[PDB]
Every structure is written in structure tokens, then in C-alpha cells.
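File shown: my_file24.txt. Contents: compact mmCIF, C-alpha atoms.
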# COMPACT_ATOMS: atom_id res chain seq x y z
CA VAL A 9 -37.22 -3.41 99.14
CA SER A 10 -33.69 -1.85 98.91
CA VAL A 11 -32.42 0.40 96.07
CA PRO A 12 -29.67 -2.09 94.99
CA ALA A 13 -32.34 -4.83 94.63
CA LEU A 14 -34.03 -2.65 91.99
CA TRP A 15 -30.76 -1.99 90.07
CA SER A 16 -30.43 -5.80 89.83
CA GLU A 17 -33.93 -5.90 88.26
CA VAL A 18 -32.95 -3.07 85.85
CA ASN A 19 -29.94 -5.09 84.64
CA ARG A 20 -31.99 -8.32 84.43
CA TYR A 21 -34.66 -6.64 82.25
CA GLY A 22 -31.86 -4.77 80.37
CA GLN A 23 -29.96 -7.93 79.37
CA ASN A 24 -33.37 -9.56 78.76
CA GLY A 25 -34.35 -6.85 76.24
CA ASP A 26 -37.50 -5.82 78.13
CA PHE A 27 -36.97 -2.01 78.20
CA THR A 28 -40.56 -1.21 79.32
CA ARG A 29 -40.37 -3.13 82.62
CA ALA A 30 -36.81 -1.79 83.06
CA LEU A 31 -38.24 1.79 82.80
CA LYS A 32 -40.91 0.88 85.39
CA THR A 33 -38.13 -0.13 87.84
CA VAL A 34 -35.96 2.94 87.02
CA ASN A 35 -38.86 5.23 88.01
CA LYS A 36 -39.09 3.46 91.44
CA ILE A 37 -35.37 4.24 91.90
CA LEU A 38 -36.31 7.83 90.93
CA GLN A 39 -39.10 7.75 93.60
CA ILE A 40 -36.34 7.18 96.18
CA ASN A 41 -33.80 9.78 94.87
CA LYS A 42 -35.45 12.29 92.49
CA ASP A 43 -31.86 13.15 91.42
CA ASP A 44 -30.08 9.75 91.24
CA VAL A 45 -27.67 10.51 88.36
CA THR A 46 -27.38 6.82 87.27
CA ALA A 47 -31.21 6.60 87.29
CA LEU A 48 -31.64 9.66 85.03
CA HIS A 49 -29.13 8.14 82.57
CA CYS A 50 -30.96 4.76 82.51
CA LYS A 51 -34.33 6.49 82.08
CA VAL A 52 -33.03 8.21 78.94
CA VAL A 53 -31.48 4.96 77.62
CA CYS A 54 -34.78 3.11 78.12
CA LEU A 55 -36.90 5.93 76.69
CA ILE A 56 -34.62 6.08 73.63
CA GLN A 57 -34.94 2.28 73.29
CA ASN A 58 -38.76 2.64 73.44
CA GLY A 59 -38.75 5.33 70.72
CA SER A 60 -39.84 7.99 73.21
CA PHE A 61 -37.35 10.55 71.86
CA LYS A 62 -39.24 13.75 72.74
CA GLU A 63 -39.55 12.90 76.47
CA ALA A 64 -36.05 11.31 76.81
CA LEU A 65 -34.89 14.67 75.44
CA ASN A 66 -37.19 16.44 77.95
CA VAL A 67 -35.56 14.59 80.92
CA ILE A 68 -32.13 15.83 79.78
CA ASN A 69 -33.34 19.44 79.25
CA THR A 70 -34.80 19.89 82.79
CA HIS A 71 -31.83 18.29 84.67
CA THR A 72 -28.80 20.33 83.54
CA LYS A 73 -27.40 21.27 86.97
CA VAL A 74 -28.11 17.73 88.22
CA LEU A 75 -26.32 16.19 85.18
CA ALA A 76 -23.51 18.80 84.88
CA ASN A 77 -20.80 16.33 86.05
CA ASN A 78 -21.91 13.86 83.34
CA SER A 79 -23.66 15.72 80.48
CA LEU A 80 -25.48 13.44 77.97
CA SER A 81 -24.69 15.05 74.64
CA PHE A 82 -24.71 11.80 72.63
CA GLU A 83 -28.15 10.80 73.93
CA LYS A 84 -29.38 14.35 73.21
CA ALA A 85 -27.83 14.55 69.73
CA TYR A 86 -29.28 11.13 68.93
CA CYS A 87 -32.71 12.18 70.20
CA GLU A 88 -32.54 15.36 68.13
CA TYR A 89 -31.30 13.38 65.06
CA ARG A 90 -34.13 10.81 65.29
CA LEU A 91 -36.66 13.66 65.59
CA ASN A 92 -35.21 15.20 62.43
CA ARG A 93 -33.76 18.20 64.32
CA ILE A 94 -30.48 17.96 62.45
CA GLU A 95 -29.14 21.49 62.92
CA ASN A 96 -29.91 21.02 66.64
CA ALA A 97 -28.14 17.64 66.76
CA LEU A 98 -25.14 19.36 65.10
CA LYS A 99 -24.91 22.02 67.88
CA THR A 100 -25.14 19.30 70.53
CA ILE A 101 -22.44 17.10 68.94
CA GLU A 102 -19.97 20.05 68.55
CA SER A 103 -20.44 21.25 72.13
CA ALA A 104 -20.35 17.59 73.32
CA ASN A 105 -18.48 17.05 76.61
CA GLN A 106 -16.25 14.14 75.48
CA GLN A 107 -15.52 12.38 72.19
CA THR A 108 -16.38 8.73 71.55
CA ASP A 109 -16.46 6.59 68.43
CA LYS A 110 -20.28 6.52 68.69
CA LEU A 111 -20.44 10.35 68.98
CA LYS A 112 -18.15 10.53 65.90
CA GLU A 113 -20.26 8.12 63.82
CA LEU A 114 -23.31 10.34 64.60
CA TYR A 115 -21.42 13.49 63.67
CA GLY A 116 -20.70 11.76 60.35
CA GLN A 117 -24.36 10.99 59.81
CA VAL A 118 -25.41 14.52 60.68
CA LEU A 119 -22.91 15.93 58.19
CA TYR A 120 -24.15 13.41 55.56
CA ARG A 121 -27.73 14.59 56.12
CA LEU A 122 -26.56 18.21 55.82
CA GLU A 123 -24.89 17.47 52.45
CA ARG A 124 -21.50 18.53 53.94
CA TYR A 125 -19.77 15.65 52.33
CA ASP A 126 -16.07 16.54 52.62
CA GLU A 127 -16.29 17.08 56.41
CA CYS A 128 -18.20 13.78 56.51
CA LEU A 129 -15.45 11.92 54.58
CA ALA A 130 -12.83 13.13 57.11
CA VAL A 131 -14.99 11.89 60.01
CA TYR A 132 -15.60 8.49 58.43
CA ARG A 133 -11.90 8.03 57.44
CA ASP A 134 -10.69 9.11 60.87
CA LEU A 135 -13.12 6.57 62.34
CA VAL A 136 -11.88 3.67 60.15
CA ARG A 137 -8.17 4.55 60.34
CA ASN A 138 -8.38 5.26 64.12
CA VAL B 9 18.88 -29.66 58.14
CA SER B 10 15.16 -30.31 58.94
CA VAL B 11 12.22 -28.34 57.47
CA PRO B 12 9.91 -28.17 60.56
CA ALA B 13 12.84 -26.56 62.43
CA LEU B 14 12.87 -23.79 59.78
CA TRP B 15 9.03 -23.30 59.80
CA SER B 16 9.43 -22.87 63.60
CA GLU B 17 12.20 -20.26 63.08
CA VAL B 18 10.04 -18.26 60.63
CA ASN B 19 7.26 -18.13 63.23
CA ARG B 20 9.80 -17.03 65.90
CA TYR B 21 10.96 -13.97 63.94
CA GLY B 22 7.62 -13.22 62.21
CA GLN B 23 5.46 -13.22 65.34
CA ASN B 24 8.23 -11.52 67.38
CA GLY B 25 9.25 -8.60 65.14
CA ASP B 26 12.14 -9.26 62.75
CA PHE B 27 11.14 -9.89 59.08
CA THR B 28 14.64 -9.64 57.46
CA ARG B 29 15.86 -12.89 59.06
CA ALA B 30 12.38 -14.48 58.64
CA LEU B 31 12.81 -13.83 54.90
CA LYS B 32 16.17 -15.65 54.68
CA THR B 33 14.71 -18.59 56.67
CA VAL B 34 11.86 -18.84 54.13
CA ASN B 35 14.37 -18.91 51.24
CA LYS B 36 16.06 -21.86 52.98
CA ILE B 37 12.66 -23.60 52.90
CA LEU B 38 12.44 -22.67 49.14
CA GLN B 39 15.83 -24.24 48.28
CA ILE B 40 14.31 -27.56 49.38
CA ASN B 41 10.68 -27.25 48.14
CA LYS B 42 10.65 -25.70 44.65
CA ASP B 43 7.10 -24.30 44.71
CA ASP B 44 6.07 -24.51 48.39
CA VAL B 45 2.76 -22.62 48.21
CA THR B 46 2.85 -21.64 51.94
CA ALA B 47 6.53 -20.53 51.67
CA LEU B 48 5.81 -18.43 48.58
CA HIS B 49 2.94 -16.86 50.60
CA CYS B 50 5.38 -16.20 53.47
CA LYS B 51 7.94 -14.70 51.07
CA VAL B 52 5.33 -12.19 49.85
CA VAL B 53 4.28 -11.29 53.39
CA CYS B 54 7.88 -10.93 54.57
CA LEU B 55 8.91 -8.96 51.49
CA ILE B 56 5.92 -6.57 51.95
CA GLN B 57 6.95 -6.01 55.57
CA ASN B 58 10.51 -5.13 54.42
CA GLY B 59 9.25 -2.62 51.80
CA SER B 60 10.41 -4.78 48.88
CA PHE B 61 7.24 -4.24 46.88
CA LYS B 62 8.74 -4.78 43.39
CA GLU B 63 10.09 -8.19 44.56
CA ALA B 64 6.85 -9.33 46.31
CA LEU B 65 4.86 -8.31 43.24
CA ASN B 66 7.23 -10.40 41.06
CA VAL B 67 6.93 -13.45 43.36
CA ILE B 68 3.16 -13.24 42.70
CA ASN B 69 3.40 -12.50 38.93
CA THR B 70 5.68 -15.53 38.28
CA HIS B 71 4.07 -18.09 40.67
CA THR B 72 0.51 -17.70 39.39
CA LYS B 73 -0.06 -21.46 38.81
CA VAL B 74 1.49 -22.66 42.12
CA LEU B 75 -0.01 -19.76 44.18
CA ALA B 76 -3.50 -20.13 42.54
CA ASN B 77 -6.64 -20.90 44.59
CA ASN B 78 -4.95 -18.56 47.09
CA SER B 79 -6.06 -15.03 48.11
CA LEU B 80 -3.13 -12.87 46.92
CA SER B 81 -5.18 -9.93 45.54
CA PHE B 82 -4.78 -7.78 48.67
CA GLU B 83 -1.00 -8.34 48.75
CA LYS B 84 -0.86 -7.55 45.02
CA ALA B 85 -3.01 -4.39 45.27
CA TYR B 86 -1.17 -3.24 48.39
CA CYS B 87 2.12 -3.47 46.51
CA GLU B 88 0.74 -1.57 43.49
CA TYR B 89 -0.68 1.04 45.94
CA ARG B 90 2.66 1.49 47.78
CA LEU B 91 4.44 1.74 44.40
CA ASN B 92 2.01 4.56 43.43
CA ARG B 93 0.43 2.46 40.67
CA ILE B 94 -3.04 3.46 41.84
CA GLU B 95 -5.00 2.51 38.68
CA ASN B 96 -3.37 -0.99 38.79
CA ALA B 97 -4.24 -1.42 42.46
CA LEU B 98 -7.77 -0.31 41.60
CA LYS B 99 -8.13 -2.98 38.87
CA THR B 100 -6.55 -5.68 41.03
CA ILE B 101 -9.10 -4.93 43.76
CA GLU B 102 -12.09 -4.65 41.37
CA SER B 103 -11.32 -8.15 39.95
CA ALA B 104 -10.28 -9.64 43.31
CA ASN B 105 -11.01 -13.29 44.25
CA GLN B 106 -12.88 -12.77 47.56
CA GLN B 107 -13.61 -9.29 48.95
CA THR B 108 -12.76 -8.69 52.63
CA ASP B 109 -12.69 -5.71 55.01
CA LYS B 110 -9.01 -4.77 54.68
CA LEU B 111 -9.45 -5.09 50.89
CA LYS B 112 -12.48 -2.78 51.17
CA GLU B 113 -10.49 -0.23 53.24
CA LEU B 114 -7.73 -0.25 50.60
CA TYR B 115 -10.29 0.28 47.87
CA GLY B 116 -11.44 3.41 49.71
CA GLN B 117 -7.88 4.65 50.03
CA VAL B 118 -7.25 3.97 46.33
CA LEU B 119 -10.35 6.00 45.39
CA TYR B 120 -9.28 8.85 47.72
CA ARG B 121 -5.99 8.91 45.83
CA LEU B 122 -7.85 9.19 42.52
CA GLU B 123 -9.92 12.09 43.94
CA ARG B 124 -13.03 9.95 43.50
CA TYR B 125 -14.41 11.28 46.74
CA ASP B 126 -18.10 10.43 46.51
CA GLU B 127 -17.33 6.75 45.82
CA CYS B 128 -14.69 6.90 48.56
CA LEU B 129 -17.25 8.27 51.08
CA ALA B 130 -19.65 5.44 50.16
CA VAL B 131 -16.90 2.86 50.81
CA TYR B 132 -15.99 4.29 54.23
CA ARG B 133 -19.66 4.57 55.32
CA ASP B 134 -20.39 1.01 54.20
CA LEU B 135 -17.27 -0.07 56.16
CA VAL B 136 -18.53 1.64 59.36
CA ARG B 137 -22.09 0.18 59.14
CA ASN B 138 -20.61 -3.19 57.91
Take the structure in the file and write it out as C-alpha cells.
Amino acid sequence: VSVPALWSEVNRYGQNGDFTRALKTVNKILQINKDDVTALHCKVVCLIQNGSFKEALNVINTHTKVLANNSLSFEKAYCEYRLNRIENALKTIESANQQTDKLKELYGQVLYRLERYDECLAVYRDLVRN
Amino acid sequence: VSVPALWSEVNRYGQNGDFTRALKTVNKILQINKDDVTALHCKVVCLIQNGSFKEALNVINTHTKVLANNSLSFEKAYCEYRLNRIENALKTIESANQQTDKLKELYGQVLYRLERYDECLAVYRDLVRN
């Protein structure tokens, strides 16, 4: 009945691999708080894992003020990349809040797809020679 | 006097930090055993760590029978690379016993040095996807 009981079900289904029943749970947590910031993150992660890139992207687009403290540029870039919106995914990655090695690897891929192969080399070498 | 006391002293310096003293200890082990395959391997490693690339390369080039069935190609290429004998390092790598990741990363670096950028990029991408 309690919200922390549901988060335990999210992580059971998450570790299990069942991302559809994990999304079911995450929406119940969103029924409680329609702006639970951890819930909005885990919705996107599930939706991305289900191939639902256009709606996972939609969640992030209509929750900017709510997600200002933790902006999800990587999830957005990725969503845009998988939908073949490469120039979009480039804008997202270069604005991106904070750098990670997964954000860098995606920047590489975007530059590879844009035939910008010297910039891409630098990204991939940086990555390998930390 | 005893050999397992020396093999313990190598490990003390080697795993700690010092490789100058670790080198002399290994040459004590080589007075006794003429062609100790593990001591020859340790000489090469210690020599490389001291920047004595000509020497290490010569240890390999004149102990090819004794140090056979033994992955020395990376050590050999690395020495060639650090001596700015890039084409030699390239050949050493391209004929190498058993390819590995660090050997792959050196191959990339060797191609970058030859301005063979497109092949380089391929190597670094392959390395990041594994």
C-alpha cells in the first residue's frame, strides 16, 4: 500500500528484466506524486527499454521545470538518436548538463553519423585514453 | 644466496614502485639460471619501466628460442613505438602472436602516428564497443 513498497517492486522487476510491469508500478507511484522526480526518471528508462522513444521523449519535454534540478539530456539525446533526429541529438548532447562516459560515447556516434570524423576520433581517443 | 629470496625481492620493488633495484635483483637471478624464461620476461618489463627500450628490445631479439611460446609482441612493439620506429611497431603488431586490448590500443596509436586516421578511428570505435 505504501510508496516505498512499490519502489521495491520497481527494482524487483528492473533486476528481473521485466520493464513492462516495472512501468505499470512506476505509473502508480506517479498516481501518488504527479511530480515524483525519481518516478519521472524511471518512466523514461522503462519507456526507452520498451522502445517507446517518442513518448519517453514527450515525458521529458513537458516536465522541464519539474526536472530542472536533474535534466535528462542523455536520455533525450538517446531518444532523438534512436528516432533518427541526429541534428537534434547533437544540440541536446552539447547543451547537456553534465558529462559522462556514456554521454561521450553517444556524442561520438552522433559525430560518426554526421560524417564529422576528426571530431569523432578525438572523442573516441579521449574515451579510451581517459 | 637462495633464489626464492630474490624472486620475493623483485616482487617487493616491482609491486611497490622501484624498478631500478628490481632490475639488478633480476640480473642476480640470471647469473644463476642462464636462460630463465620468467627472469628474461621480468628483465624486459623492468627495462621498459626504466626507459631502456634499446636494451629491452635486444633482450627479446637475442632470446627468441628461450623466450618463445611467450607473448612478447606488445613489449616489442611498445619499444619500437617509444623509439619512434613506428613502421616496425606496426609490423610487430600486425604479425603478433595473440591480439589483446592493450595491443589493440597501441595499434590505434601507431596508426594515428602514421596519419592513417580512418583506420585509427575504426580501431578506437571497435575498442569502445569491444
Taking only C-alpha atoms into account, what are the residues of chain A at most 9 Å from chain B, put as a ChimeraX atom specification? /A:113,116,125-126,128-130,132-133,135-137
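Compared by their closest atoms to residue 50 of chain B, and using all atoms listed in the file, the residues B:69, B:19, B:108, B:81 rank with B:19 nearest.
Comparing the minimum interatomic distances between residue 111 of chain A and each of A:95, A:83, A:88, A:63, counting all atoms listed in the file, we find that A:83 sits nearest.
Among the candidates A:80, A:119, A:37, A:65, the one nearest to residue 98 of chain A when counting all atoms listed in the file is A:119.
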Residue 56 of chain B: which residues within 12 Å, counting all atoms listed in the file, same-chain residues fewer than 5 positions away excluded, as a short mmCIF file (atom, residue, chain, number, x, y, z; two decimals) with C-alpha atoms, in the coordinates of the input?
data_model
loop_
_atom_site.label_atom_id
_atom_site.label_comp_id
_atom_site.auth_asym_id
_atom_site.auth_seq_id
_atom_site.Cartn_x
_atom_site.Cartn_y
_atom_site.Cartn_z
CA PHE B 27 11.14 -9.89 59.08
CA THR B 28 14.64 -9.64 57.46
CA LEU B 31 12.81 -13.83 54.90
CA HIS B 49 2.94 -16.86 50.60
CA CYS B 50 5.38 -16.20 53.47
CA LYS B 51 7.94 -14.70 51.07
CA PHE B 61 7.24 -4.24 46.88
CA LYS B 62 8.74 -4.78 43.39
CA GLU B 63 10.09 -8.19 44.56
CA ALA B 64 6.85 -9.33 46.31
CA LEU B 65 4.86 -8.31 43.24
CA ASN B 66 7.23 -10.40 41.06
CA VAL B 67 6.93 -13.45 43.36
CA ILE B 68 3.16 -13.24 42.70
CA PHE B 82 -4.78 -7.78 48.67
CA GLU B 83 -1.00 -8.34 48.75
CA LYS B 84 -0.86 -7.55 45.02
CA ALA B 85 -3.01 -4.39 45.27
CA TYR B 86 -1.17 -3.24 48.39
CA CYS B 87 2.12 -3.47 46.51
CA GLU B 88 0.74 -1.57 43.49
CA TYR B 89 -0.68 1.04 45.94
CA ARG B 90 2.66 1.49 47.78
CA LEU B 91 4.44 1.74 44.40
#
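The shortest atom-to-atom distance to residue 43 of chain B, with only C-alpha atoms taken into account, belongs to B:76 out of B:97, B:76, B:14, B:9.
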Quick one: residues within 12 Å of residue 10 of chain A, all atoms listed in the file, excluding same-chain residues fewer than 5 positions away - as a PyMOL selection string? chain A and resi 15-17+36-37+40
Residues at most 10 Å from residue 74 of chain A, counting all atoms listed in the file, excluding those fewer than 4 positions away in the same chain, as a PDB file with C-alpha atoms, in the frame of the given file?
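Output file out.pdb is given in full below:
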ATOM      1  CA  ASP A  43     -31.860  13.150  91.420  1.00  0.00           C
ATOM      2  CA  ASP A  44     -30.080   9.750  91.240  1.00  0.00           C
ATOM      3  CA  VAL A  45     -27.670  10.510  88.360  1.00  0.00           C
ATOM      4  CA  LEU A  48     -31.640   9.660  85.030  1.00  0.00           C
ATOM      5  CA  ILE A  68     -32.130  15.830  79.780  1.00  0.00           C
ATOM      6  CA  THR A  70     -34.800  19.890  82.790  1.00  0.00           C
ATOM      7  CA  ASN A  78     -21.910  13.860  83.340  1.00  0.00           C
ATOM      8  CA  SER A  79     -23.660  15.720  80.480  1.00  0.00           C
TER       9      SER A  79
END
Return as AutoDock Vina command-line options the box centre and box size in Å, one decimal, for an axis-aligned box around all listed atoms of segment 50-61 of chain B padded by 3 Å per side.
--center_x 7.4 --center_y -9.4 --center_z 51.2 --size_x 12.2 --size_y 19.6 --size_z 14.7
What does the distance from atom CA of residue 103 of chain A to atom CA of residue 75 of chain A come to in Å, to one decimal? 15.2 Å
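Between atom CA of residue 47 of chain B and atom CA of residue 35 of chain B the interatomic distance comes to 8.0 Å.
Atom pair atom CA of residue 54 of chain A / atom CA of residue 94 of chain A has a distance of 22.0 Å (rounded to one decimal).
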With N, CA, C and O atoms as the target, complete segment 27-46 of chain A and hand it back as a PDB file, in the frame of the given file.
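And here's selection-v6.pdb as it stands now:
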ATOM      1  N   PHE A  27     -37.221  -3.410  77.801  1.00  0.00           N
ATOM      2  CA  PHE A  27     -36.970  -2.010  78.200  1.00  0.00           C
ATOM      3  C   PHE A  27     -38.189  -1.247  78.749  1.00  0.00           C
ATOM      4  O   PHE A  27     -38.048  -0.102  79.176  1.00  0.00           O
ATOM      5  N   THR A  28     -39.373  -1.858  78.751  1.00  0.00           N
ATOM      6  CA  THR A  28     -40.560  -1.210  79.320  1.00  0.00           C
ATOM      7  C   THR A  28     -40.638  -1.475  80.822  1.00  0.00           C
ATOM      8  O   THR A  28     -40.886  -0.557  81.612  1.00  0.00           O
ATOM      9  N   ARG A  29     -40.430  -2.736  81.205  1.00  0.00           N
ATOM     10  CA  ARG A  29     -40.370  -3.130  82.620  1.00  0.00           C
ATOM     11  C   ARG A  29     -39.086  -2.665  83.318  1.00  0.00           C
ATOM     12  O   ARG A  29     -39.073  -2.515  84.542  1.00  0.00           O
ATOM     13  N   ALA A  30     -38.018  -2.450  82.549  1.00  0.00           N
ATOM     14  CA  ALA A  30     -36.810  -1.790  83.060  1.00  0.00           C
ATOM     15  C   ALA A  30     -37.041  -0.301  83.378  1.00  0.00           C
ATOM     16  O   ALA A  30     -36.491   0.212  84.350  1.00  0.00           O
ATOM     17  N   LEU A  31     -37.846   0.383  82.558  1.00  0.00           N
ATOM     18  CA  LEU A  31     -38.240   1.790  82.800  1.00  0.00           C
ATOM     19  C   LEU A  31     -39.170   1.932  84.013  1.00  0.00           C
ATOM     20  O   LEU A  31     -39.105   2.935  84.735  1.00  0.00           O
ATOM     21  N   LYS A  32     -40.052   0.950  84.203  1.00  0.00           N
ATOM     22  CA  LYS A  32     -40.910   0.880  85.390  1.00  0.00           C
ATOM     23  C   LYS A  32     -40.053   0.890  86.668  1.00  0.00           C
ATOM     24  O   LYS A  32     -40.251   1.734  87.546  1.00  0.00           O
ATOM     25  N   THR A  33     -39.085  -0.029  86.725  1.00  0.00           N
ATOM     26  CA  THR A  33     -38.130  -0.130  87.840  1.00  0.00           C
ATOM     27  C   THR A  33     -37.347   1.167  88.050  1.00  0.00           C
ATOM     28  O   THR A  33     -37.280   1.666  89.168  1.00  0.00           O
ATOM     29  N   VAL A  34     -36.764   1.700  86.974  1.00  0.00           N
ATOM     30  CA  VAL A  34     -35.960   2.940  87.020  1.00  0.00           C
ATOM     31  C   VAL A  34     -36.735   4.145  87.584  1.00  0.00           C
ATOM     32  O   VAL A  34     -36.137   5.040  88.195  1.00  0.00           O
ATOM     33  N   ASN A  35     -38.050   4.172  87.398  1.00  0.00           N
ATOM     34  CA  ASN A  35     -38.860   5.230  88.010  1.00  0.00           C
ATOM     35  C   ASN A  35     -39.035   5.039  89.524  1.00  0.00           C
ATOM     36  O   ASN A  35     -39.079   6.035  90.247  1.00  0.00           O
ATOM     37  N   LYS A  36     -39.106   3.784  89.994  1.00  0.00           N
ATOM     38  CA  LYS A  36     -39.090   3.460  91.440  1.00  0.00           C
ATOM     39  C   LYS A  36     -37.788   3.898  92.132  1.00  0.00           C
ATOM     40  O   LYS A  36     -37.812   4.369  93.271  1.00  0.00           O
ATOM     41  N   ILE A  37     -36.664   3.727  91.440  1.00  0.00           N
ATOM     42  CA  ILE A  37     -35.370   4.240  91.900  1.00  0.00           C
ATOM     43  C   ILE A  37     -35.370   5.780  91.900  1.00  0.00           C
ATOM     44  O   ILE A  37     -34.744   6.403  92.762  1.00  0.00           O
ATOM     45  N   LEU A  38     -36.070   6.380  90.936  1.00  0.00           N
ATOM     46  CA  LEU A  38     -36.310   7.830  90.930  1.00  0.00           C
ATOM     47  C   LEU A  38     -37.333   8.324  91.973  1.00  0.00           C
ATOM     48  O   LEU A  38     -37.312   9.509  92.323  1.00  0.00           O
ATOM     49  N   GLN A  39     -38.225   7.442  92.443  1.00  0.00           N
ATOM     50  CA  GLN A  39     -39.100   7.750  93.600  1.00  0.00           C
ATOM     51  C   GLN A  39     -38.287   7.937  94.877  1.00  0.00           C
ATOM     52  O   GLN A  39     -38.573   8.835  95.675  1.00  0.00           O
ATOM     53  N   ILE A  40     -37.277   7.081  95.057  1.00  0.00           N
ATOM     54  CA  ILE A  40     -36.340   7.180  96.180  1.00  0.00           C
ATOM     55  C   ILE A  40     -35.526   8.478  96.056  1.00  0.00           C
ATOM     56  O   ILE A  40     -35.810   9.435  96.774  1.00  0.00           O
ATOM     57  N   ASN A  41     -34.554   8.531  95.139  1.00  0.00           N
ATOM     58  CA  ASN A  41     -33.800   9.780  94.870  1.00  0.00           C
ATOM     59  C   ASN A  41     -34.305  10.403  93.561  1.00  0.00           C
ATOM     60  O   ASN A  41     -34.038   9.886  92.472  1.00  0.00           O
ATOM     61  N   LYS A  42     -35.006  11.531  93.669  1.00  0.00           N
ATOM     62  CA  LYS A  42     -35.450  12.290  92.490  1.00  0.00           C
ATOM     63  C   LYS A  42     -34.293  12.937  91.716  1.00  0.00           C
ATOM     64  O   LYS A  42     -34.546  13.630  90.731  1.00  0.00           O
ATOM     65  N   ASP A  43     -33.046  12.736  92.164  1.00  0.00           N
ATOM     66  CA  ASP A  43     -31.860  13.150  91.420  1.00  0.00           C
ATOM     67  C   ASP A  43     -30.731  12.097  91.416  1.00  0.00           C
ATOM     68  O   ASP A  43     -29.548  12.452  91.388  1.00  0.00           O
ATOM     69  N   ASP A  44     -31.082  10.809  91.419  1.00  0.00           N
ATOM     70  CA  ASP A  44     -30.080   9.750  91.240  1.00  0.00           C
ATOM     71  C   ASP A  44     -29.532   9.841  89.812  1.00  0.00           C
ATOM     72  O   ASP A  44     -30.243   9.539  88.850  1.00  0.00           O
ATOM     73  N   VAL A  45     -28.275  10.262  89.680  1.00  0.00           N
ATOM     74  CA  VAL A  45     -27.670  10.510  88.360  1.00  0.00           C
ATOM     75  C   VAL A  45     -27.595   9.241  87.474  1.00  0.00           C
ATOM     76  O   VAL A  45     -27.788   9.342  86.267  1.00  0.00           O
ATOM     77  N   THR A  46     -27.350   8.066  88.051  1.00  0.00           N
ATOM     78  CA  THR A  46     -27.380   6.820  87.270  1.00  0.00           C
ATOM     79  C   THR A  46     -28.803   6.488  86.808  1.00  0.00           C
ATOM     80  O   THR A  46     -28.985   5.915  85.730  1.00  0.00           O
TER      81      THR A  46
END
